[PDB]
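Shown next: run-v5.tsv, given as TSV, C-alpha atoms and all ligand atoms.
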chain	number	residue	atom	x	y	z
A	1	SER	CA	0.72	-2.62	-5.66
A	2	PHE	CA	0.30	-5.38	-2.92
A	3	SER	CA	-2.88	-5.15	-0.85
A	4	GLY	CA	-4.37	-6.82	2.19
A	5	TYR	CA	-1.04	-7.98	3.65
A	6	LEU	CA	-0.32	-8.20	7.34
A	7	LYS	CA	3.05	-6.66	8.23
A	8	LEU	CA	5.21	-9.08	10.26
A	9	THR	CA	8.50	-7.13	10.27
A	10	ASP	CA	10.15	-4.08	8.57
A	11	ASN	CA	10.31	-6.08	5.30
A	12	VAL	CA	8.18	-9.23	5.58
A	13	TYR	CA	4.44	-9.19	4.79
A	14	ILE	CA	1.97	-12.08	4.72
A	15	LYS	CA	-1.46	-12.77	3.20
A	16	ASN	CA	-3.78	-15.80	2.94
A	17	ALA	CA	-3.84	-15.99	-0.85
A	18	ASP	CA	-3.43	-18.23	-3.86
A	19	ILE	CA	-0.04	-17.08	-5.22
A	20	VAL	CA	-1.27	-17.62	-8.84
A	21	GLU	CA	-4.26	-15.31	-8.29
A	22	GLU	CA	-2.03	-12.87	-6.46
A	23	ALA	CA	0.50	-12.85	-9.32
A	24	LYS	CA	-2.24	-12.34	-11.97
A	25	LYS	CA	-3.65	-9.43	-9.94
A	26	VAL	CA	-0.38	-7.66	-8.99
A	27	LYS	CA	1.83	-8.66	-12.00
A	28	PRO	CA	4.84	-8.20	-9.66
A	29	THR	CA	8.42	-7.70	-10.85
A	30	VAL	CA	9.32	-11.09	-9.31
A	31	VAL	CA	7.23	-14.07	-8.37
A	32	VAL	CA	9.13	-16.85	-6.57
A	33	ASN	CA	8.53	-20.42	-7.59
A	34	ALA	CA	9.01	-23.31	-5.16
A	35	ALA	CA	11.18	-25.14	-7.68
A	36	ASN	CA	13.05	-28.43	-7.63
A	37	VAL	CA	16.58	-28.84	-9.09
A	38	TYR	CA	15.20	-30.20	-12.37
A	39	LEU	CA	12.64	-27.36	-12.78
A	40	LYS	CA	9.97	-30.08	-13.14
A	41	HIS	CA	6.87	-28.07	-12.20
A	42	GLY	CA	4.57	-30.94	-11.34
A	43	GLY	CA	2.73	-30.05	-8.16
A	44	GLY	CA	2.33	-27.56	-5.34
A	45	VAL	CA	3.19	-23.97	-6.14
A	46	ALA	CA	5.31	-24.97	-9.18
A	47	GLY	CA	2.54	-27.01	-10.78
A	48	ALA	CA	0.04	-24.23	-10.18
A	49	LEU	CA	2.29	-21.43	-11.55
A	50	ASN	CA	3.21	-23.55	-14.56
A	51	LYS	CA	-0.43	-24.43	-15.33
A	52	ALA	CA	-1.28	-20.69	-15.16
A	53	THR	CA	1.35	-20.03	-17.88
A	54	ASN	CA	-0.27	-22.72	-20.12
A	55	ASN	CA	2.95	-24.78	-19.70
A	56	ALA	CA	5.16	-22.00	-21.13
A	57	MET	CA	7.11	-21.99	-17.82
A	58	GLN	CA	7.87	-25.72	-18.24
A	59	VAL	CA	8.93	-25.32	-21.90
A	60	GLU	CA	11.27	-22.49	-20.95
A	61	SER	CA	12.55	-24.46	-17.94
A	62	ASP	CA	13.32	-27.57	-20.03
A	63	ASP	CA	15.45	-25.42	-22.37
A	64	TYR	CA	17.20	-23.89	-19.32
A	65	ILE	CA	18.01	-27.39	-17.92
A	66	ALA	CA	19.15	-28.68	-21.32
A	67	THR	CA	21.68	-25.81	-21.48
A	68	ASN	CA	22.71	-25.50	-17.85
A	69	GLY	CA	21.95	-28.72	-16.03
A	70	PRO	CA	20.12	-28.87	-12.73
A	71	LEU	CA	20.14	-26.21	-10.06
A	72	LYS	CA	21.67	-26.87	-6.64
A	73	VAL	CA	19.41	-27.35	-3.59
A	74	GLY	CA	19.50	-23.85	-2.04
A	75	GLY	CA	20.07	-22.24	-5.43
A	76	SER	CA	17.99	-20.35	-7.93
A	77	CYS	CA	17.68	-19.03	-11.42
A	78	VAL	CA	15.80	-16.09	-12.93
A	79	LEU	CA	13.52	-16.95	-15.83
A	80	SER	CA	10.51	-15.23	-17.44
A	81	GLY	CA	7.43	-14.54	-15.34
A	82	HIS	CA	5.28	-15.13	-18.47
A	83	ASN	CA	1.71	-13.84	-17.79
A	84	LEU	CA	2.31	-13.80	-14.01
A	85	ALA	CA	5.22	-11.43	-13.38
A	86	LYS	CA	8.16	-9.72	-15.13
A	87	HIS	CA	10.40	-12.56	-13.83
A	88	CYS	CA	10.09	-15.81	-12.02
A	89	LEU	CA	12.79	-16.52	-9.48
A	90	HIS	CA	12.90	-20.33	-9.30
A	91	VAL	CA	14.26	-21.11	-5.85
A	92	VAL	CA	15.04	-24.64	-4.64
A	93	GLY	CA	14.37	-25.11	-0.97
A	94	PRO	CA	15.38	-28.47	0.60
A	95	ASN	CA	12.74	-31.16	0.19
A	96	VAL	CA	12.56	-32.94	3.57
A	97	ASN	CA	10.54	-35.74	1.89
A	98	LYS	CA	13.69	-36.50	-0.23
A	99	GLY	CA	15.92	-36.31	2.96
A	100	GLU	CA	17.52	-32.98	1.95
A	101	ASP	CA	19.31	-30.86	4.58
A	102	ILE	CA	16.87	-28.36	6.24
A	103	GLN	CA	19.94	-26.11	6.91
A	104	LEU	CA	19.87	-25.32	3.15
A	105	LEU	CA	16.59	-23.39	3.72
A	106	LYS	CA	18.59	-20.31	4.82
A	107	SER	CA	20.72	-20.53	1.63
A	108	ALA	CA	17.50	-20.82	-0.41
A	109	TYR	CA	16.03	-17.64	1.19
A	110	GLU	CA	19.30	-15.74	0.59
A	111	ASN	CA	18.42	-15.77	-3.15
A	112	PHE	CA	15.57	-13.35	-2.31
A	113	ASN	CA	18.10	-10.68	-1.28
A	114	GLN	CA	19.08	-10.16	-4.92
A	115	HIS	CA	15.59	-8.67	-5.62
A	116	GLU	CA	14.19	-5.49	-4.07
A	117	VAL	CA	10.65	-6.83	-3.86
A	118	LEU	CA	9.18	-10.30	-4.35
A	119	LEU	CA	5.86	-12.16	-4.19
A	120	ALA	CA	6.74	-15.58	-2.71
A	121	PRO	CA	5.53	-18.76	-1.08
A	122	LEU	CA	7.09	-20.17	2.12
A	123	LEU	CA	10.06	-22.18	0.91
A	124	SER	CA	10.17	-25.89	1.65
A	125	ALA	CA	6.56	-25.76	3.00
A	126	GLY	CA	3.70	-27.84	1.52
A	127	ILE	CA	4.81	-30.87	-0.48
A	128	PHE	CA	8.47	-30.09	0.33
A	129	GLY	CA	7.81	-31.39	3.86
A	130	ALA	CA	9.36	-28.74	6.11
A	131	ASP	CA	7.59	-27.06	9.03
A	132	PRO	CA	6.05	-23.80	7.64
A	133	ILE	CA	6.45	-22.06	11.04
A	134	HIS	CA	10.20	-22.75	10.83
A	135	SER	CA	10.21	-21.59	7.15
A	136	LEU	CA	8.66	-18.25	8.14
A	137	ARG	CA	11.22	-17.84	10.93
A	138	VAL	CA	14.12	-18.47	8.49
A	139	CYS	CA	12.49	-16.08	6.00
A	140	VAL	CA	12.27	-13.27	8.57
A	141	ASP	CA	15.82	-13.89	9.80
A	142	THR	CA	17.35	-14.14	6.29
A	143	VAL	CA	15.50	-11.97	3.80
A	144	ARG	CA	16.27	-8.25	4.02
A	145	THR	CA	14.44	-7.19	0.84
A	146	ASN	CA	10.64	-6.68	0.69
A	147	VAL	CA	8.96	-10.08	0.61
A	148	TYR	CA	5.17	-10.54	0.27
A	149	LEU	CA	4.33	-14.05	1.34
A	150	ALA	CA	1.23	-15.77	-0.02
A	151	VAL	CA	0.02	-18.65	2.19
A	152	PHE	CA	-2.60	-20.75	0.44
A	153	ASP	CA	-4.10	-22.56	3.44
A	154	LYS	CA	-6.26	-20.32	5.73
A	155	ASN	CA	-5.72	-22.52	8.75
A	156	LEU	CA	-1.94	-22.41	8.27
A	157	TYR	CA	-2.03	-18.63	7.66
A	158	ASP	CA	-3.83	-18.11	11.00
A	159	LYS	CA	-1.38	-20.42	12.80
A	160	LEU	CA	1.64	-18.59	11.26
A	161	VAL	CA	0.31	-15.18	12.31
A	162	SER	CA	-0.86	-16.24	15.81
A	163	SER	CA	2.44	-17.99	16.61
A	164	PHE	CA	4.76	-15.34	15.10
A	165	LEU	CA	7.30	-14.15	17.57
B	1	LIG	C1	2.51	-24.60	1.50
B	1	LIG	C2	1.62	-24.13	2.65
B	1	LIG	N1	0.94	-25.27	3.27
B	1	LIG	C3	1.52	-26.09	4.17
B	1	LIG	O1	2.74	-26.07	4.41
B	1	LIG	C4	0.57	-27.04	4.93
B	1	LIG	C5	0.34	-28.39	4.20
B	1	LIG	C6	-1.17	-28.51	4.03
B	1	LIG	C7	-1.77	-27.20	4.27
B	1	LIG	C8	-0.84	-26.49	5.23
B	1	LIG	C9	0.63	-23.07	2.17
B	1	LIG	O2	-0.56	-23.17	2.36
B	1	LIG	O3	1.17	-22.05	1.53
As structure tokens, please, write out the structure in this file.
Ligand SMILES: C[C@H](NC(=O)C1CCCC1)C(=O)O
Amino acid sequence: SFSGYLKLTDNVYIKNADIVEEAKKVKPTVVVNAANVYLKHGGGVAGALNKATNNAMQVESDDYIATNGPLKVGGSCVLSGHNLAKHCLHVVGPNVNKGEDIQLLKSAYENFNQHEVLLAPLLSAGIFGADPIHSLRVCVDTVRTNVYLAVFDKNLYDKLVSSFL
């Protein structure tokens, strides 16, 4: 189903794409959201995915938090993918801008191993403040399932590919 990806490893693929447009096109089994512990989808990938669901993701998420409380940094939950995917795997990477431990990025990527194939952003990149080059490295060294990474920024995509070891 996924097209135009560059193969980085046996199981990691990358594309310069808007993950919302990619999800609407592919309708993958799992789209990963760059979530926070409260599932407050305000900005970045979460804000964009939520806006694409006409706020249905946020309504569902508020019910999930009311029942279960917040997620842990490094944790995840599976909720509906709405009009974007069969499921959305909300994964909380550490937010460096809130002083969270970058070592939790590996724990965050381990959630991907519970799903055979996923469309995902780089965890903790963007407004979460971590180095995206380091996020890709942790992704490659942690995820064993098939992960299709969508990198929004062209300049960052080129830098990630050209510096990939
Ligand atoms: C989230 C990621 N962007 C970044 O980490 C940089 C922050 C500004 C643009 C590059 C991306 O494009 O997928």
Produce as a PyMOL selection string the set of residues near ligand LIG 1 (chain B), where near means within 10 Å with all atoms listed in the file considered. chain A and resi 15-19+34+44-45+120-133+135+149-157+159
Residue contacts of residue A:7 (10 Å, only C-alpha atoms) excluding same-chain residues fewer than 5 positions away, as JSON, numbers by chain: {"A": [12, 13, 14, 15, 148, 161]}
Atom pair atom CA of residue A:30 / atom CA of residue A:117: separation (Å):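 If I compute the distance from atom CA of residue A:30 to atom CA of residue A:117, I get 7.0 Å.
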Among the residues A:8, A:2, A:33, A:28, the one that comes closest to residue A:85 [using all atoms listed in the file]: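 Closest candidate: A:28.
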Could you tell me which of A:91, A:108, A:162, A:73 comes closest to residue A:32 if we count all atoms listed in the file? A:91
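Residue nearest residue A:54 within the list A:140, A:71, A:84, A:39: A:84 [criterion: smallest interatomic distance, only C-alpha atoms].
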Between A:139, A:115, A:37, A:93, smallest distance to residue A:69 by only C-alpha atoms belongs to A:37
Between atom CA of residue A:27 and atom CA of residue A:95, what is the distance, to one decimal in Å?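 Distance between the two atoms: 27.8 Å.
Of the listed residues (A:92, A:4, A:57, A:76), A:92 comes nearest to residue A:35; the distances count all atoms listed in the file.
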Restricting the calculation to only C-alpha atoms: of A:100, A:3, A:24, A:9, which residue gets closest to residue A:137?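 Ranked by minimum distance to residue A:137, first place goes to A:9.
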Distance query residue A:52 at most 10 Å, all atoms listed in the file, self and fewer than 3 positions along chain excluded, as a list in words: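 These residues fall inside the cut-off: residues 20, 21, 23, 24, 46, 47, 48, 49, 55, 56, 57, 82, 83 and 84 of chain A.
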Expressed in Å to a single decimal, how great is the separation between atom CA of residue A:63 and atom CA of residue A:88? 15.1 Å
Show me as number ranges by chain the residues that reach within 6 Å of (9.5, -7.5, -4.6), counting all atoms listed in the file and using the file's own coordinates. A: 30, 116-119, 146-147
Using the incomplete input, complete stretch 78-96 of chain A to the level of N, CA, C and O atoms; output as a PDB file, keeping the file's coordinate frame.
ATOM      1  N   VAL A  78      16.794 -17.040 -12.502  1.00  0.00           N
ATOM      2  CA  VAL A  78      15.800 -16.090 -12.930  1.00  0.00           C
ATOM      3  C   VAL A  78      15.356 -16.438 -14.335  1.00  0.00           C
ATOM      4  O   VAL A  78      16.191 -16.516 -15.250  1.00  0.00           O
ATOM      5  N   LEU A  79      14.079 -16.673 -14.519  1.00  0.00           N
ATOM      6  CA  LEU A  79      13.520 -16.950 -15.830  1.00  0.00           C
ATOM      7  C   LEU A  79      12.330 -15.986 -16.035  1.00  0.00           C
ATOM      8  O   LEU A  79      12.066 -15.113 -15.198  1.00  0.00           O
ATOM      9  N   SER A  80      11.630 -16.109 -17.155  1.00  0.00           N
ATOM     10  CA  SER A  80      10.510 -15.230 -17.440  1.00  0.00           C
ATOM     11  C   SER A  80       9.385 -15.469 -16.439  1.00  0.00           C
ATOM     12  O   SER A  80       9.180 -16.592 -15.974  1.00  0.00           O
ATOM     13  N   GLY A  81       8.641 -14.411 -16.145  1.00  0.00           N
ATOM     14  CA  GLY A  81       7.430 -14.540 -15.340  1.00  0.00           C
ATOM     15  C   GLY A  81       6.217 -14.798 -16.210  1.00  0.00           C
ATOM     16  O   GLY A  81       5.114 -14.919 -15.696  1.00  0.00           O
ATOM     17  N   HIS A  82       6.383 -14.838 -17.560  1.00  0.00           N
ATOM     18  CA  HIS A  82       5.280 -15.130 -18.470  1.00  0.00           C
ATOM     19  C   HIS A  82       4.102 -14.156 -18.235  1.00  0.00           C
ATOM     20  O   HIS A  82       4.342 -12.951 -18.173  1.00  0.00           O
ATOM     21  N   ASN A  83       2.889 -14.662 -18.053  1.00  0.00           N
ATOM     22  CA  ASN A  83       1.710 -13.840 -17.790  1.00  0.00           C
ATOM     23  C   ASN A  83       1.509 -13.539 -16.298  1.00  0.00           C
ATOM     24  O   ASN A  83       0.475 -12.964 -15.921  1.00  0.00           O
ATOM     25  N   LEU A  84       2.462 -13.933 -15.446  1.00  0.00           N
ATOM     26  CA  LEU A  84       2.310 -13.800 -14.010  1.00  0.00           C
ATOM     27  C   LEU A  84       3.127 -12.674 -13.387  1.00  0.00           C
ATOM     28  O   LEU A  84       2.734 -12.133 -12.350  1.00  0.00           O
ATOM     29  N   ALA A  85       4.268 -12.354 -13.978  1.00  0.00           N
ATOM     30  CA  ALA A  85       5.220 -11.430 -13.380  1.00  0.00           C
ATOM     31  C   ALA A  85       6.236 -11.034 -14.451  1.00  0.00           C
ATOM     32  O   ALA A  85       6.290 -11.681 -15.512  1.00  0.00           O
ATOM     33  N   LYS A  86       7.100 -10.028 -14.181  1.00  0.00           N
ATOM     34  CA  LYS A  86       8.160  -9.720 -15.130  1.00  0.00           C
ATOM     35  C   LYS A  86       9.140 -10.940 -15.155  1.00  0.00           C
ATOM     36  O   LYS A  86       9.449 -11.500 -16.224  1.00  0.00           O
ATOM     37  N   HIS A  87       9.506 -11.427 -13.956  1.00  0.00           N
ATOM     38  CA  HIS A  87      10.400 -12.560 -13.830  1.00  0.00           C
ATOM     39  C   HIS A  87       9.871 -13.556 -12.850  1.00  0.00           C
ATOM     40  O   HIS A  87       9.147 -13.208 -11.915  1.00  0.00           O
ATOM     41  N   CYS A  88      10.310 -14.793 -13.007  1.00  0.00           N
ATOM     42  CA  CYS A  88      10.090 -15.810 -12.020  1.00  0.00           C
ATOM     43  C   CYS A  88      11.436 -16.188 -11.462  1.00  0.00           C
ATOM     44  O   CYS A  88      12.327 -16.602 -12.217  1.00  0.00           O
ATOM     45  N   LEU A  89      11.594 -16.065 -10.140  1.00  0.00           N
ATOM     46  CA  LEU A  89      12.790 -16.520  -9.480  1.00  0.00           C
ATOM     47  C   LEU A  89      12.512 -17.944  -8.995  1.00  0.00           C
ATOM     48  O   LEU A  89      11.737 -18.134  -8.058  1.00  0.00           O
ATOM     49  N   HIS A  90      13.088 -18.939  -9.666  1.00  0.00           N
ATOM     50  CA  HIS A  90      12.900 -20.330  -9.300  1.00  0.00           C
ATOM     51  C   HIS A  90      13.879 -20.624  -8.207  1.00  0.00           C
ATOM     52  O   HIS A  90      15.081 -20.605  -8.461  1.00  0.00           O
ATOM     53  N   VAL A  91      13.387 -20.869  -6.991  1.00  0.00           N
ATOM     54  CA  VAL A  91      14.260 -21.110  -5.850  1.00  0.00           C
ATOM     55  C   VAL A  91      14.058 -22.529  -5.355  1.00  0.00           C
ATOM     56  O   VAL A  91      12.915 -22.931  -5.160  1.00  0.00           O
ATOM     57  N   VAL A  92      15.133 -23.274  -5.121  1.00  0.00           N
ATOM     58  CA  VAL A  92      15.040 -24.640  -4.640  1.00  0.00           C
ATOM     59  C   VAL A  92      15.292 -24.705  -3.142  1.00  0.00           C
ATOM     60  O   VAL A  92      16.428 -24.591  -2.696  1.00  0.00           O
ATOM     61  N   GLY A  93      14.224 -24.847  -2.378  1.00  0.00           N
ATOM     62  CA  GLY A  93      14.370 -25.110  -0.970  1.00  0.00           C
ATOM     63  C   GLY A  93      14.629 -26.614  -0.788  1.00  0.00           C
ATOM     64  O   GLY A  93      14.265 -27.430  -1.653  1.00  0.00           O
ATOM     65  N   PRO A  94      15.219 -27.033   0.340  1.00  0.00           N
ATOM     66  CA  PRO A  94      15.380 -28.470   0.600  1.00  0.00           C
ATOM     67  C   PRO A  94      14.022 -29.166   0.712  1.00  0.00           C
ATOM     68  O   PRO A  94      13.052 -28.623   1.249  1.00  0.00           O
ATOM     69  N   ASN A  95      13.928 -30.348   0.123  1.00  0.00           N
ATOM     70  CA  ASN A  95      12.740 -31.160   0.190  1.00  0.00           C
ATOM     71  C   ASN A  95      13.042 -32.212   1.258  1.00  0.00           C
ATOM     72  O   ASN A  95      13.800 -33.162   1.027  1.00  0.00           O
ATOM     73  N   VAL A  96      12.428 -32.042   2.423  1.00  0.00           N
ATOM     74  CA  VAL A  96      12.560 -32.940   3.570  1.00  0.00           C
ATOM     75  C   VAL A  96      12.091 -34.355   3.210  1.00  0.00           C
ATOM     76  O   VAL A  96      12.664 -35.355   3.687  1.00  0.00           O
TER      77      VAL A  96
END
